[PDB]
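Quick setup: one chain, the form deposited in one PDB entry, written in structure tokens, and binding and motion questions come after.
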């Protein structure tokens, strides 16, 4: 077993464009990098306040073969994505959320890469 973490992915529009605000369980804006020690899951819940019909389509990595995150799971409605760590690979990785929208056929990327860390 391990730890199940939950983060909410709030998306609003400012000047026509997406803004991503991450909140934890206690409705605090999330500060800094995710440090993982146990194996486990990080579940991201989409709160789309854009009116652009956003859905998760996956989570993107520049270094996808680094083994830090072992798998990604996604719900059929695109409202949840999970990062899965099965084997506790040490190191650091960075990722961006990838979303579809209903206004156009471009995919949407979260701008600031999220960092996950295992000491």
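Numbering follows the first chain given and starts at 1.
Quick one: higher average CA temperature factor, 13 to 21 or 100 to 108?
Higher of the two, by average CA B-factor, is 13 to 21.
Between 55 to 63 and 87 to 95, which has the larger average Cα B-factor in the PDB entry?
Stretch with the higher mean C-alpha B-factor: 87 to 95.
With respect to the C-alpha temperature factors reported in the PDB entry, which of 79, 34, 72, 68 ranks highest?
Going by the entry's C-alpha B-factors, 34 comes out highest.
Looking at the entry's B-factor column for C-alpha atoms only, identify whether residue 46 ranks in the lowest, middle or highest third of its chain.
Lowest third, going by the recorded CA B-factors of the chain.
Not pictured, yet referred to below: the form solved in complex with a partner chain.
So in the deposited complex, is its partner chain close enough to residue 37 to count as touching (4.5 Å, heavy atoms)?
Yes, residue 37 lies within 4.5 Å of its partner chain in the deposited complex.
Though only this chain appears here, would residue 89 touch its partner chain in the deposited complex if you measure heavy atom gaps against 4.5 Å?
Within the cut-off, so yes.
Would you check, heavy atoms only and a 4.5 Å threshold, whether residue 46 touches its partner chain in the deposited complex?
No, residue 46 stays farther than 4.5 Å from its partner chain in the deposited complex.
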